[PDB]
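These notes concern the structure reproduced below.
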Amino acid sequence: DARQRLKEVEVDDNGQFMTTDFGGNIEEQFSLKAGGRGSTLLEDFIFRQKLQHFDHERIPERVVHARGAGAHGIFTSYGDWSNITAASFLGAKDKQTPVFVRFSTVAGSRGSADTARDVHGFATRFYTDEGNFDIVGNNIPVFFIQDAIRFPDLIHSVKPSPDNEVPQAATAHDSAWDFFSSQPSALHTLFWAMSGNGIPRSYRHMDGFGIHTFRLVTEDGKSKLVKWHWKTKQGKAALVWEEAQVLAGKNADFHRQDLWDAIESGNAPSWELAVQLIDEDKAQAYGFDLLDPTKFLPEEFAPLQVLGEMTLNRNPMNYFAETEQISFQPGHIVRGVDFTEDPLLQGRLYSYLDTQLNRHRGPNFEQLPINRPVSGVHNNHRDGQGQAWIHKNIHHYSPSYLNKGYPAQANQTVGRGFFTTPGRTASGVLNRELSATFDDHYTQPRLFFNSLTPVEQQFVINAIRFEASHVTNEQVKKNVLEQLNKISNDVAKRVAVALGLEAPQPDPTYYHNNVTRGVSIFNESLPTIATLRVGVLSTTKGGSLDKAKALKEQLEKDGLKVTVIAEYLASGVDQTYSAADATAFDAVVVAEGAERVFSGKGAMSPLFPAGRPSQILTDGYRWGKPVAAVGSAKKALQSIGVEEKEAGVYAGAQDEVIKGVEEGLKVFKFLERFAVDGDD
Amino acid sequence: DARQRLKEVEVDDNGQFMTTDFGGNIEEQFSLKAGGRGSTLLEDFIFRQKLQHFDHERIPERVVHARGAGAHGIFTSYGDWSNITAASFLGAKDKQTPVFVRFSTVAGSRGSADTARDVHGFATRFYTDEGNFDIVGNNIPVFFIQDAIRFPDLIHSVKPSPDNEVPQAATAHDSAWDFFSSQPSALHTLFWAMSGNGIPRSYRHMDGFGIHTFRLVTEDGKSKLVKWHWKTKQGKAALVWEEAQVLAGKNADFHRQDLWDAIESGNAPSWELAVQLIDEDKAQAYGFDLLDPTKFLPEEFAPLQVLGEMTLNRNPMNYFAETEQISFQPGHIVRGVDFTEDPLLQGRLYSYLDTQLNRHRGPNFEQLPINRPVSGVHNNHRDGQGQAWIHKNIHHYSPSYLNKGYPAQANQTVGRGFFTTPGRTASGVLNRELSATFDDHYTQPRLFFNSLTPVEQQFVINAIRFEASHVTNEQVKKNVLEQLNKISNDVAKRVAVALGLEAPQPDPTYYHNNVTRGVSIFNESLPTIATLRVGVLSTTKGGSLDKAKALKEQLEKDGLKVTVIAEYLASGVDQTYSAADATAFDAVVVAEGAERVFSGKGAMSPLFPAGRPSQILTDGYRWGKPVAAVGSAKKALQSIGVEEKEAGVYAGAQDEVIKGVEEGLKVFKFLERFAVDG
Amino acid sequence: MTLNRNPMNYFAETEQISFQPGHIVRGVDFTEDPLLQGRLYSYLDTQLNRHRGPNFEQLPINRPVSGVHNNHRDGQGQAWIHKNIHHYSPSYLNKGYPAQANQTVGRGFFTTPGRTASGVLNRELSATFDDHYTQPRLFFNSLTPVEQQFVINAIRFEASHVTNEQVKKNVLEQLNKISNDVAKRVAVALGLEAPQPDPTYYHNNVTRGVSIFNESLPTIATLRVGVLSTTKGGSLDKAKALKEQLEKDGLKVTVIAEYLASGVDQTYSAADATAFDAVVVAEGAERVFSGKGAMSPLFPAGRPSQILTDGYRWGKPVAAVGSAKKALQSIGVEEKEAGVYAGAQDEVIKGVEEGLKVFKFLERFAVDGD
Ligand code: HEM
Ligand code: HEM
């Protein structure tokens with residue numbers, strides 16, 4: 001059990017009498033009053049201790065990445081990697097290390113929707129036996145900006161307008177696009193956010209990236225540059241925008257529920273941890289500067305090398321104590337790893353330590369059960385709000401004769417202490433500048449765009465068209481086109497159409513035709529369909545339900561999560577039509593006989609909103625899902641104008657349909673259902 | 001200007017150089033580094049002071065009502081009400097008092113959707129010349145529970161499950177319905193939240209209530225029991241659930257944007273302050289106890305008496321400093337008003353003062369500009385985190401020879417001091433009980449349900465059906481049905497259908513057929529259609545767009561907010577089909593010629609999702625909106641199987657369409673489009 | 001109650017502990033004491049400031065040993081992980097746990113059943129509270145004469161710091177309501193007129209148990225004794241034997257000399273009479289009370305004499321062994337006085353230990369009108 005160390009602070013209230021927080025059994029359902037219909041007494045200590053705790057329940061949300069969810073798991077090393085790093089957790093084959101991972105969006109506050117369009121966080125803690133090591137990453141490999149000092153500008157610009165706090169969890173407003181166009185380094189991440197990476201299917205279907213180049217360091221102090229990669233074993237998958245929007249309303253908790261359910265059902269997600277490794281002397285050898293976080297390193301120059309695998313298999317017991325309270329830091333480093341002079345990474349080291357003081361209102365947040373290392377803390381730190389320990393050493397200072405030198409200094413040769421990479425040097429003038437090597441903001445967005453499928457390219461363009469059409473300032477929209485046009489003239493043209501602005505002239509300085517692998521989502525079939533959801537549309541009239549039941553049992557044997565939907569919760573029914581929506585499912589199947597609710601008296605029930613069964617099948621089809629109808633239910637497909645042999649449409653007997661749907665699920669989204677510029 | 005007093009704290013940065021927080025001009029776009037590609041230096045004081053401020057921007061959200069928005073305005077008394085209260089803001093005809101109001105949901109965290117189904121907050125501050133007086137109310141006249149000590153129980157149960165923090169801003173889960181059925185007092189508020197009150201059209205289309213019985217007290221110390229009401233001058237309006245859900249995703253900010261826009265467009269919303277006034281001897285006279293906050297007093301026993309009018313006419317300049325930081329308290333009371341022994345209200349007095357300590361991290365939150373009274377603060381309080389004043393009186397205690405008795409004691413007779421109603425007495429044993437007069441949890445929910453239109457009743461039934469079907473535990477569902485059955489056997493039966501269960505046999509103990517006025521939403525037409533939104537579906541091809549401009553110009557001259565929609569932002573187009581959704585509008589009109597986007601090639605642009613124009617018209621129709629098509633655009637109505645002859649459906653020329661749409665907007669929702677059981 | 005363990009970390013234990021009068025258990029209840037009533041609110045509330053959060057009862061020093069089971073969750077610094085996901089009551093889903101306790105089940109707390117409220121809601125105090133003078137007089141009546149003089153001299157000292165003349169007059173007017181004699185005696189120091197008696201509250205009643213100086217100590221265990229010695233001659237060997245005997249008798253002894261020679265616990269420079277309950281000069285150490293020995297760069301001028309002087313003037317047992325009597329003579333202190341002891345080591349030890357029980361010798365303090 002990854003949560004094993006947390007067991008000692010777990011509190012079971014079953015079979016117990018109610019108490020105050022200072023002990024003593026009580027009742028707490030009535031206020032103490034002065035007479036029968038009397039005023040409440042101040043001496044009601046029970047009322048006040050209960051309400052005080054309630055009144056003070058909330059802590060500040062995270063300043064960014066406020067919306068998220070997490071789970072515990074185990075990381076397993078595939079080998080002894082002491083040849084490239086002294087890091088203990090990678091020091092042997094099959095070595096296991098507990099982890100906790102929190103996934104998130106970026107902009108929205110605590111209660112905003114999981115399926116907002118946004119960059120997503122992917123933060124991992126390794127509780128190693130040489131300290132906590134955090135890889136605080138995202139599902140996109142490049143960041144908007146090049147210097148940490150600009151983070152409040154970025155964040156202010158994408159978060160709600162400060163006059164009315166509108167809009168929630170969205171970059172679709174003036175200030176965000178004023179920023180993206182005024183600070184062109186942002187264009188690369190913006191393109192990734194406008195792609196499927198901005199609206200993934202689940203946390204489990206995301207890759208993860210450390211983004212920054214870090215350093216791996218060996219015992220003898222030799223270093224290599226490194227990019228961290230998390231490669232999802234469930235495969236990458238994304239929604240379409242018009243679907244994500246409905247889903248934001250129908251189930252704001254779509255992603256946190258997906259993760260929870262996968263883990264509860266014994267389908268723990270896994271990712272492989274992989275690295276790109278680069279010689280120190282090649283930091284500027286690949287067409288950009290590896291200290292620049294707005295660029296990624298094409299796998300064709302440096303392939304991924306797999307170090308191990310992480311599996312998330314335990315949900316938290318209390319979301320607040322565990323998920324909400326956990327405090328990640330890139331400053332959480334261990335011997336064997338070092339920083340680089342990435343000016344974005346540099347400032348992060350300051351900010352995440354500092355922000356905990358606000359979020360936890362004190363300096364002792366590392367003493368919280370979810371933050372505690374498993375390797376033990378020995379130092380001369382004392383006092384601090386909420387100090388949870390009692391220190392025995394009264395000589396809390398170094399150096400000292402009285403404490404015999406304990407606790408003792410550890411370094412490269414003694415005590416396996418941390419050490420900064422021995423070869424690192426500083427050269428030149430103290431400066432408030434950025435290297436001119438950081439200056440190309442267009443080549444990689446163009447590279448990224450070239451590397452997507454034609455329909456994926458269209459999704460990016462349509463995302464931009466949708467977003468920029470919300471910008472009220474005409475000049476900002478012009479500034480946006482001008483920047484887009486430096487990346488690609490065709491992209492600018494296609495976006496300009498939506499905005500009713502003139503197709504601008506080519507600005508070819510940065511244009512190129514290069515491609516790189518592995519940045520696309522939709523052109524690779526999923527390697528597994530386990531956990532994927534099938535909504536089975538049935539009816540309580542006739543024999544449809546019994547057929548629905550058999551269909552479900554078969555699909556379940558194949559690892560799918562099936563929801564049988566009907567007018568009311570009859571035996572075998574998982575969900576009513578009133579409660580149902582296509583957004584909940586990866587495939588939609590009409591069970592035989594259920595064609596009766598797509599037309600006629602059966603479609604006219606007080607039990608669900610008018611048109612609901614048809615809308616479900618329609619949404620499913622239009623959003624590119626595998627859709628199907630068993631036997632006579634093919635009538636339902638006709639009723640919404642869908643033809644039986646379209647791509648990703650299956651009509652026939654149960655066996656056929658099952659086969660077809662499972663095939664369709666691997667493709668996941670059928671892209672031929674989406675118009676591409678130049679079809680009309 | 002209601003915000004006038006805030007002007008001295010406004011900071012204008014136009015035409016200025018960037019500075020640190022301690023002054024000194026700076027640049028702050030580059031970290032200071034050791035060498036061209038070097039590490040950032042600790043001595044970069046500029047980086048640290050900027051990022052520290054950013055790192056610390058967030059404060060805890062409200063423990064309840066976290067999601068909300070507000071505005072400034074003016075309350076005007078219609079009279080000298082000294083014959084019923086000593087309260088200064090009510091002491092003269094035409095007397096004006098600045099206000100700030102915040103509207104909210106209850107359960108959702110800060111970025112949750114406006115159109116979640118929930119009770120709504122309606123909190124009003126009067127910055128009177130005798131202190132801040134807050135009426136911290138809801139858009140529903142009764143509350144779930146009868147003793148404040150149960151508040152954490154109610155709120156824990158409705159908010160997300162504590163293991164996974166699901167579901168956001170919804171009562172549609174096991175724990176909530178477990179509590180509602182385990183604590184039957186909750187049933188009355190539940191029925192209201194399951195009606196249109198749970199999914200209102202806007203903050204501007206809500207009534208408000210203080211819920212509790214309070215006391216109005218005259219200078220001589222005589223008291224009357226009082227209920228506070230806010231009556232909207234815009235009329236009440238509500239959405240339908242299937243619409244509210246989509247709107248939650250299409251625009252989480254629907255209500256805050258609605259309020260903001262109405263104020264900027266010069267359409268400041270108004271409410272009348274009205275009271276029910278009854279003698280102390282009526283406390284238990286009307287079949288329930290007026291100290292019981294789970295009951296309301298039917299207007300048939302005590303009519304509304306209008307005291308004045310509040311108009312919200314200024315938006316904030318900074319949402320955080322004003323809306324987020326404002327700290328309401330029912331304990332903010334003034335001379336002329338007093339509490340009652342309502343056990344719910346009693347505990348609130350403690351909770352709102354205490355909780356500010358968490359939210360504002362200190363004791364001086366009343367010094368914040370949005371919280372400061374206009375009337376002067378003079379006492380011996382000193383120090384505390386963030387102390388913003390410098391006190392001149394060094395003899396900070398009373399009594400005292402050395403300060404010559406200042407600041408001085410004020411009471412009923414000197415200095416217009418606050419005073420507790422002189423006749424209030426306590427009698428009997430100290431007890432941890434509630435009166436048996438509180439015991440009937442079923443008669444008034446039945447009264448409420450009886451007083452709705454048949455389709456409104458169906459909406460309540462269908463909300464319960466939707467919600468209760470999310471409950472995984474079978475026994476909890478059975479518990480819910482048993483409790484509903486005590487209110488109405490018919491309700492229980494109709495809900496039980498969705499759940500696939502048998503309702504218990506009728507239990508006539510609390511059944512009755514009585515009705516009461518003013519609790520329905522859909523039964524009365526709106527008094528104005530100003531600000532209501534019309535989505536006009538057009539197209540960039542041919543002559544549609546020019547005709548849409550003409551339609552828009554006419555509609556706007558009659559007070560409407562019109563959005564011209566087309567495939568791309570052509571001249572005269574307000575929004576693209578890609579960006580459009582029916583949830584944003586109160587009426588949908590197809591401009592002549594736009595029928596080309598409902599079928600054929602016009603419907604298949606890569607500029608918008610497949611079927612989008614048809615979906616907007618379809619949603620608009622099924623959600624009960626006025627829908628219409630000018631001229632040949634009737635083909636669009638035909639394409640979705642909607643007939644010209646239907647109520648709330650309009651075709652023909654621009655003149656017939658405009659007149660029909662405007663009349664339909666008064667009806668607001670066409671309830672004949674919704675099926676009723678049987 | 002016996003206190004037998006010091007804390008290991010002062011901050012974590014002593015600084016962090018949070019007392020409340022609202023920390024009450026079954027079998028105790030409050031009364032309508034208006035001072036007590038408000039404290040209940042204040043001590044809970046103030047912890048929010050001092051500890052910056054609602055979870056201070058979770059701090060090790062604040063935790064009860066008896067188990068905490070309720071539906072409270074979250075809050076700053078939440079140190080536990082709650083298993084029960086149905087964190088509300090009443091509830092079907094949690095099976096009724098944690099369960100209500102009361103007078104009849106689960107040994108719950110209960111308010112005294114017979115307590116009643118009766119009358120009008122008021123912002124008043126009962127007229128039964130109005131006599132502010134009788135008990136102060138009772139208290140003053142029940143102290144020894146010198147003990148009474150200490151009270152008067154404390155008031156004389158303090159009120160003489162008051163700059164405002166009317167405040168000083170107001171004080172005398174209040175003192176005079178308790179005792180005309182007390183008012184007159186205080187008035188002397190303030191240079192104000194002895195006011196006219198107001199007999200309304202005067203009385204001669206006494207009560208037992210409020211005096212400190214009227215009773216000898218039950219034990220002299222732990223009481224410190226500072227032994228003034230010197231590194232010259234045989235004084236230190238004698239100081240050592242004196243120390244060994246006194247510590248056998250349970251006292252804590254500090255041998256003091258010019259420097260930290262073998263046997264010396266403290267130097268004269270570091271020493272002061274305030275540290276000790278008795279002061280005895282070791283034989284031979286009279287050499288540091290005058291002449292060459294009294295004049296050393298190792299300690300401030302007059303230090304050994306000042307220690308003996310302070311010791312005597314502050315009413316402590318003081319003594320000198322043998323020739324050290326000269327030290328007593330050098331400060332005008334005579335062997336015949338109470339709490340002054342001279343002679344052989346045996347006589348001095350017995351005397352000092354008997355004197356430590358009296359603790360303060362009040363003959364050395366002048367009383368008004370003596
Ligand atoms: C490569 C660039 C970045 C990545 C991959 C990244 C990723 C993340 C992630 C995943 C989280 C959420 C951790 C969680 O789940 O609790 C987070 C939070 C945060 N980030 Fe970053 N971020 C980046 C840039 C920055 C920069 C430049 C700054 C400021 C210098 C910054 C400041 C913060 C702060 C203050 C938090 C809140 C931490 C807390 O409250 O515990 N981030 N970031
Ligand atoms: C008739 C019953 C109630 C009504 C009408 C009501 C209404 C409201 C409203 C409108 C707000 C939001 C104020 C704002 O916009 O900032 C609020 C917040 C709050 N309520 Fe109540 N509520 C009721 C019951 C209770 C009870 C019984 C308690 C506790 C005993 C309570 C404790 C709180 C707290 C602690 C807040 C947050 C205040 C802040 O952070 O500034 N409420 N309530």
Side-chain angles (χ1 to χ4, degrees), chain A residues 47 51 54-55 58 60-66 68 70 101-104 106 119-123 134 136-138 140 142-145 147-152 154-155 209-212 293 323-324 326-330 342 344-352 354-356 358-360 365, chain B residues 47 51 54-55 58 60-66 68 70 101-104 106 119-123 134 136-138 140 142-145 147-152 154-155 208-212 293 323-324 326-330 342 344-352 354-356 358-360:
Chain A
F47 166 88
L51 266 295
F54 168 82
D55 293 342
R58 304 288 173 267
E61 63 184 27
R62 296 160 168 78
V63 66
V64 291
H65 295 264
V101 172
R102 190 179 174 272
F103 303 101
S104 58
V106 173
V119 173
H120 296 65
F122 186 153
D134 293 357
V136 185
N138 277 343
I140 287 165
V142 294
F143 207 68
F144 292 105
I145 47 161
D147 188 315
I149 199 169
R150 300 171 189 186
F151 193 66
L154 166 69
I155 297 310
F209 307 93
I211 299 194
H212 306 299
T323 305
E324 188 69 15
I326 195 178
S327 295
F328 288 100
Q329 294 184 49
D342 175 321
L344 192 70
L345 169 60
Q346 288 282 303
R348 293 180 71 198
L349 305 181
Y350 167 78
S351 166
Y352 292 65
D354 173 58
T355 196
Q356 310 309 331
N358 187 60
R359 205 153 65 79
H360 292 292
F365 50 89
Chain B
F47 170 86
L51 265 294
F54 171 81
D55 294 339
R58 305 290 176 261
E61 70 186 27
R62 295 156 170 79
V63 67
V64 285
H65 301 250
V101 176
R102 180 170 181 278
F103 302 101
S104 49
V106 171
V119 175
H120 295 71
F122 187 148
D134 296 351
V136 186
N138 283 339
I140 286 164
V142 291
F143 206 70
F144 292 105
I145 49 165
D147 190 317
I149 198 166
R150 309 175 179 176
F151 194 64
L154 162 77
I155 296 305
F209 308 89
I211 300 186
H212 305 293
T323 303
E324 189 66 21
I326 197 178
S327 289
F328 290 95
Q329 303 183 38
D342 179 320
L344 194 63
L345 167 63
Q346 288 280 308
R348 289 180 81 198
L349 301 178
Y350 167 80
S351 178
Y352 289 70
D354 174 53
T355 202
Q356 305 310 325
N358 185 52
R359 204 153 65 73
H360 288 293

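Heavy-atom basis, side chains included; hydrogens, waters and symmetry copies ignored. Every chain is numbered from 1 and lettered A, B, ... according to where its sequence line falls, protein lines coming before strand lines. Remember, it's 1-based here, ligands and their atoms both numbered in the order they're listed.
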Quiz item: Has B:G137 got any heavy atom lying under 4.0 angstrom from an atom of ligand 2?
Solution: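 Within the 4.0 Å threshold, so yes.
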
List the closest protein heavy-atom neighbour of [atom]: residue, atom name, distance to the nearest 0.1 Å.
atom                    : answer
atom 16 (O) of ligand 2 : B:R62 NE, 2.7 Å
atom 7 (C) of ligand 1  : A:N138 OD1, 3.5 Å
atom 13 (C) of ligand 2 : B:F328 CD1, 3.8 Å
atom 27 (C) of ligand 2 : B:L344 CD1, 3.5 Å
atom 1 (C) of ligand 2  : B:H212 NE2, 3.3 Å
atom 40 (O) of ligand 2 : B:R359 NE, 2.7 Å
atom 38 (C) of ligand 2 : B:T355 CG2, 3.7 Å

Self-check item: Within reach of ligand 2, part of B:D354 (heavy-atom separation under 4.0 Å)
Solution: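 It is neither part, as no heavy atom is under 4.0 Å.
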
Self-check item: Structural part of B:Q356 in contact with ligand 2, heavy atom criterion under 4.0 angstrom
Solution: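 For B:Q356, only side-chain atoms sit under 4.0 Å from ligand 2.
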
Check [X] against [Y] and note the closest heavy-atom contact, atom names and distance.
X      : Y      : answer
A:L344 : A:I145 : CD2-O, 3.5 Å
B:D55  : A:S351 : OD1-OG, 2.7 Å
A:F328 : A:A123 : CZ-O, 3.5 Å
B:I326 : B:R359 : O-NH2, 3.0 Å
A:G70  : A:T323 : N-CG2, 3.7 Å

Subset of ligand 2 atoms that lie under 4.0 Å from at least one heavy atom of [X]:
X      : answer
B:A148 : 30 (C)
B:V63  : 34 (C), 35 (C)
B:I211 : 1 (C), 5 (C)

Side chains of [X] and [Y] in contact at under 4.5 Å (non-hydrogen atoms):
X      : Y      : result
A:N138 : A:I211 : yes
B:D134 : B:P330 : no
A:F54  : B:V64  : yes
A:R62  : A:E324 : yes

Quiz item: Has A:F122 got any heavy atom lying under 4.0 angstrom from an atom of ligand 1?
Solution: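 Yes, that is the case, since the closest heavy atom of the residue is under 4.0 Å from the ligand.
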
Exercise. Report yes or no: does a heavy atom of A:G347 sit under 4.0 Å from some atom of ligand 1?
Key: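 It does, in that a heavy atom of A:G347 comes within the 4.0 Å cut-off of ligand 1.
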
Practice problem: Using 2.8 Å as the cut-off, note every protein N, O or S atom close to atom 21 (Fe) of ligand 2. | Solution: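 Listed by chain and number: B:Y352 OH.
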
Between atom [atom1] of [X] and atom [atom2] of [Y], what is the distance when rounded to the nearest 0.5 Å?
X      : Y      : atom1 : atom2 : value
A:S104 : A:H120 : OG    : NE2   : 8.0 Å
A:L154 : A:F151 : CG    : CZ    : 6.0 Å
A:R348 : B:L51  : CZ    : CG    : 12.0 Å

Self-check item: Short side-chain donor-acceptor distance under 3.5 Å, A:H65 and A:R102
Solution: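 A:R102 vs A:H65: no donor-acceptor pair found between side chains.
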
Practice problem: Could you tell me whether some N/O pair between A:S327 and ligand 1 is separated by less than 3.5 angstrom? | Solution: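 The answer is no, given that A:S327 and ligand 1 share no N or O pair closer than 3.5 Å.
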
Quiz item: Would one find an N or O of A:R102, backbone or side chain, under 3.5 Å from an N or O of ligand 1?
Solution: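 Yes; at least one N/O pair falls below 3.5 Å.
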
Quiz item: Can you say whether the rings of A:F122 and A:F103 are parallel (under 30°), tilted (30 to 60°) or perpendicular (over 60°)?
Solution: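 Perpendicular, since the angle between the ring planes exceeds 60°.
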
